[PDB]
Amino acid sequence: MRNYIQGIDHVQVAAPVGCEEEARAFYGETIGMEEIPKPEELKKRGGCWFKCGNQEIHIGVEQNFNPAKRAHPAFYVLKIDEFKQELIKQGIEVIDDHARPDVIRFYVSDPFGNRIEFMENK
């Protein structure tokens, strides 16, 4: 078979109804992603989209939300140790991980309890 898949366009992360202020304050303010406008048709669904490099993260509203604690997206970060201190400074709780040896990584939870990984190569 031919090679159709070109990469990850975006990841969708779930959140409850009314999540927007908190989503904006964490993804936008705190970790510093740029919010982007949703397509006109999809606005009526609630939620927020944010840009990270050539990819996006779509925070989507769910009727019966449960956070994703295991499966999760991993974002590549420049200057990870500087970024991490910027998070710690803002009261974000971080969890370091040394299991993968040529990579620096840590985990955080978004305001809704969803697992996020940040990594950079050593």
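In this text, residue numbers run from 1 along the sequence as written.
Chain-relative CA temperature factor third for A74: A74: CA B-factor falls in the lowest third of its chain.
For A14, the third of its chain into which the C-alpha B factor falls: According to the entry, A14 has a C-alpha B-factor in the chain's lowest third.
Entry-reported Cα temperature factor of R24, expressed as the chain third it lands in: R24: CA B-factor falls in the middle third of its chain.
Chain thirds of CA B-factor: placement of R115: Lowest third - that is where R115 ends up once the chain's C-alpha B-factors are sorted.
Ranked C-alpha temperature factor of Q63 among modelled chain residues, by third: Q63: CA B-factor falls in the lowest third of its chain.
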